[PDB]
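Written below as structure tokens is the structure these notes are about.
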Amino acid sequence: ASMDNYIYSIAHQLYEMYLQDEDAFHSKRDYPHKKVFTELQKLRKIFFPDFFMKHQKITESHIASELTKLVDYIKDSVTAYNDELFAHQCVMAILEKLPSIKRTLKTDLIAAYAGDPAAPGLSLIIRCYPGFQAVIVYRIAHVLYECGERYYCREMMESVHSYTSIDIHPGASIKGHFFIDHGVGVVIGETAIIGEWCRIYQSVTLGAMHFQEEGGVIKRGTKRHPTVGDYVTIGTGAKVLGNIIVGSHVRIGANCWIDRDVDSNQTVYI
Amino acid sequence: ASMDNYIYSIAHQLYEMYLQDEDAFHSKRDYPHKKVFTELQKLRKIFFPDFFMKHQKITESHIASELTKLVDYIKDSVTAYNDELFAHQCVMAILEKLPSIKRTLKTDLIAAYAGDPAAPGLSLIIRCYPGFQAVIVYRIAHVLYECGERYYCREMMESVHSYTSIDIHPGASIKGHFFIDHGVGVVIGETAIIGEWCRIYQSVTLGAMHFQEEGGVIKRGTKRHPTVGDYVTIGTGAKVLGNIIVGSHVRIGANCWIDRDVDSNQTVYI
Amino acid sequence: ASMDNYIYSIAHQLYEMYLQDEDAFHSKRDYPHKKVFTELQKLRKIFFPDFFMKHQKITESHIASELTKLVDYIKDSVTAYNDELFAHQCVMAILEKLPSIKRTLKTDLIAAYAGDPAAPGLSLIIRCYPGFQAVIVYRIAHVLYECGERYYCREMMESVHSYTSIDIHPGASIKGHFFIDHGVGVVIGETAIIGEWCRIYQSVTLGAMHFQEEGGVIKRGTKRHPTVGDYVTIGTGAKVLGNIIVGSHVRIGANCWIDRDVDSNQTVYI
């Protein structure tokens, strides 16, 4: 039970982080029960227990129990697509990263409240903002991708895709204070890199298109989606395509078609 | 049981309205059973019983029973986010408005059939048109918002968002004969105002974008989304942003980026 | 049990096709169990049993059993909206076409792998690519439409719409080697015709818009959506509207608004 002993240590760290979180990340309310797909259902309970438990139930031992449920689930799925040893390794990698992911998700909530005049408090963002639900699962799927996994991490993100219409490839690399508002139609590709304080609206693509060539069979992988710096806002409907760099402090306008580098500190519109 | 006595009176009024509805809003067919999220599942049965019951079951007493189920559900959720007294008030406000909402939803079905060459009859629109499912729940969520509620009404609309990819803030104000066709990617903001006979397509935003400012924390609320008059058609992909006024009898073209006032009786294209 | 005898013959043909499929369409892995809407759940098991059964269970008799479940389900739904005799006819039409649909879906998987650098193998596309899930159900819904059915086939595609945000009318006519990548926001209309090797991205419309006329009640049906030739790629956000013809070997750019004929062998951008 070496993985079980590692689960206990991580559940302990996450519980101490919960005890020390600011009041804005806490509540005494017992919120309505919901049932969403497994990965999100579990990660919700683990990161933000006040909002998805059951105040009477909120303890280190219950965090550990839900974490064990999640671990068994992901281990079984990664084993199914790969093998038992690779699945063990990858899940130990998820467990190791959960405290850092918790810290990042707090920054993501901060950016969501900060970027949205319609948000009354963090509790609503935690409970139901779809950009935030997507990001929760994304940050865990990305650890899988970083372990070299290529199948289950995509299936996990396809659950996010069905639930929110937000399409983030598990290989995308995204920094903190990240916010997708509204979110339907957002597509972020396998090799996308996104810096800190990125704000993205509905129908935004940070992606690529591939015009048919014969047909042959397109080259697999390679860096082919945009790299986006810090403090970038991408307006509703903007399509940013190809292996291009958008600099820091860039504002992109609605419906823009961007296929070349955009230098820092400027506003693009037509 | 004062609220129970009010439920009976409203269920009676809705039942008499059902008896008096035109043939187009009735059917003798027993349609396939479906299970969708609670608010829609219940509101479907209450407004359009022929299409979601169980012909043998269709009586005043069954309308009352489903209405009670819906009331208990929404009362519990509003209580969870707020308090018991506020929840009582808000739900009494929903109950009071249900007969008017029923009348409006009939106009919405009229506009859907009228605006869609692919619709064979109202029954299909009632049973499965996603724009119409969204509008059913929207009209009830908006009564909550009008009572001053800011949390559960958004969660209700996030259920609509997941189910249909149509994103309507419960604070939006929308008149009758309303139709969203196709609907994926539609975003309608908290302070949007939409007049009568509005026809909206997929990927339309009546919304706002907020370019990052430092960062600081954006001002909460205020009128900041468009106001749209009567007989307005907004084409696929159009992004209408900001506190701007679009007049009556306006046609907006595909992919348009609209950020200033548009006067009545004109067509916008590029 | 004439329909049951026809089911056996079709299940036999599909089983022999499964035995003869290339290695790429097979797996020995027992993949994680999922539960999606009935039509997709069943069609998945029938066409690609290795990926959705239960290796121990994969036999002619189990293909037959799932096929019977699917047939009873669709027969009941078509009967509900129409009548028992019409439902029998239409379902016998589905059964007759299943071997050809299987062959076509193999070409669709080929085009998906070929057109997507992020796809590691056909198994992932079969298991979770949303464009492919949509196409599975579309090819069956279209047989219903071809039988003259106008209600349940749309409800089936509305399930696809909720699950994937891809909106394909069952009347659309689409050839093989078809691929929708990402797919959120794709709309393909009742009278659309799409040739071989079509590649379509997120937020693409092959559709129509109808500006309000008075209001009157718009003419029902008629050819009113585009006809697209072979080897056509339609970029993210492109809106192709009206009864127009796009030729073969055409590449359409991001966010394009297309409302007139486009001749073969050219690239459209602005």
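By convention in this document, chain letters (A, B, ...) are assigned in the order of the sequence lines, proteins followed by strands, and residues within each chain are numbered from 1. What's counted below: heavy atoms across the whole structure, side chains too, no hydrogens, waters or symmetry copies.
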Side chain, backbone, both or neither: which part of B/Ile270 has an atom under 4.5 Å from a heavy atom of chain C? neither
Got a sec: does the CD of B/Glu22 have more than 12 other heavy atoms crowding it under 6.0 Å? yes
Side chain, backbone, both or neither: which part of B/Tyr129 has a non-hydrogen atom closer than 4.5 Å to chain C? side chain
Minimum heavy-atom separation for B/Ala118 and C/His169, please, with both atom names. CB-CE1, 3.9 Å
Do C/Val184 and B/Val184 make a side-chain contact, defined as non-hydrogen atoms from C-beta onward lying under 4.5 Å apart? yes
Is it the backbone or the side chain of B/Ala111 that comes under 4.5 Å from a heavy atom of chain C, or both, or neither? neither
Side-chain contact, heavy-atom cut-off 4.5 Å: C/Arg224 with B/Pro117? yes
Top contributor to chain B interface from C/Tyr151, C/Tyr152, C/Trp257 [non-hydrogen pairs under 4.5 Å]: C/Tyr151
So C/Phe211 and B/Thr267, do their side chains get closer than 4.5 Å, heavy atoms only? yes
Donor-acceptor contact below 3.5 Å, side chain C/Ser162 vs main chain B/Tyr163: yes
Assess whether side chain to side chain contact (heavy atoms under 4.5 Å, CB included) is satisfied between B/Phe179 and C/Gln212, documenting all intermediate values. CA-CA 12 Å; B/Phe179 178 45; C/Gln212 283 171 263; over 6 Å; no
Can you tell me how far the CD atom of B/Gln202 sits from the OG atom of C/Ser165, to the nearest 0.5 Å? 12.5 Å
Please state whether the side chain, the backbone, both or neither of C/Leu241 comes within less than 4.5 Å of a heavy atom of chain B. side chain
Donor-acceptor pair, side chain of C/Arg220 and main chain of B/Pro120, under 3.5 angstrom: no
May I ask you to list the residues in residues 72-94 of chain C that approach chain B closer than 4.5 angstrom, counting heavy atoms only, ordered by number? C/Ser77, C/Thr79, C/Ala80, C/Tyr81, C/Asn82
State, yes or no, whether a side-chain contact exists between C/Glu155 and B/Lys34 at a heavy-atom distance under 4.5 Å. yes
So what's closer than 4.5 Å to chain B heavy atoms on C/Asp167: side chain, backbone, both or neither? side chain
Between C/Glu158 and B/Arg127, does at least one N-O distance fall below 4.0 Å, as a salt bridge requires? no
So, for B/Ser203 and C/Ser203, which heavy atoms are closest and what is the spacing to 0.1 Å? OG-OG, 4.2 Å
Sub-3.5 Å donor-acceptor pair from the side chain of C/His161 to the main-chain atoms of B/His182, do we have one? yes
First locate atom CD1 of C/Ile218, then atom CG of B/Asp116, and finally report the distance between them rounded to the nearest 0.5 Å. 8.5 Å
If you draw a 6.0 Å radius around CG in C/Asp4, do more than 12 non-hydrogen atoms from other residues or ligands fall strictly inside? yes
Please round to the nearest 0.5 Å and tell me the distance separating atom CG of B/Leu124 and atom CZ of C/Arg150. 11.5 Å
Is there side-chain contact between B/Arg199 and C/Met209, with heavy atoms separated by less than 4.5 Å? no
Calculate, to the nearest 0.5 Å, the distance between atoms SG and NZ belonging to B/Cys256 and C/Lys239 respectively. 11.0 Å
Answer yes or no: is there a side-chain heavy-atom contact under 4.5 Å between C/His210 and B/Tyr201? yes
Given the options B/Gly185, B/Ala119, B/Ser123, B/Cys128, which has more heavy-atom pairs under 4.5 Å with chain C than any of the others? B/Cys128
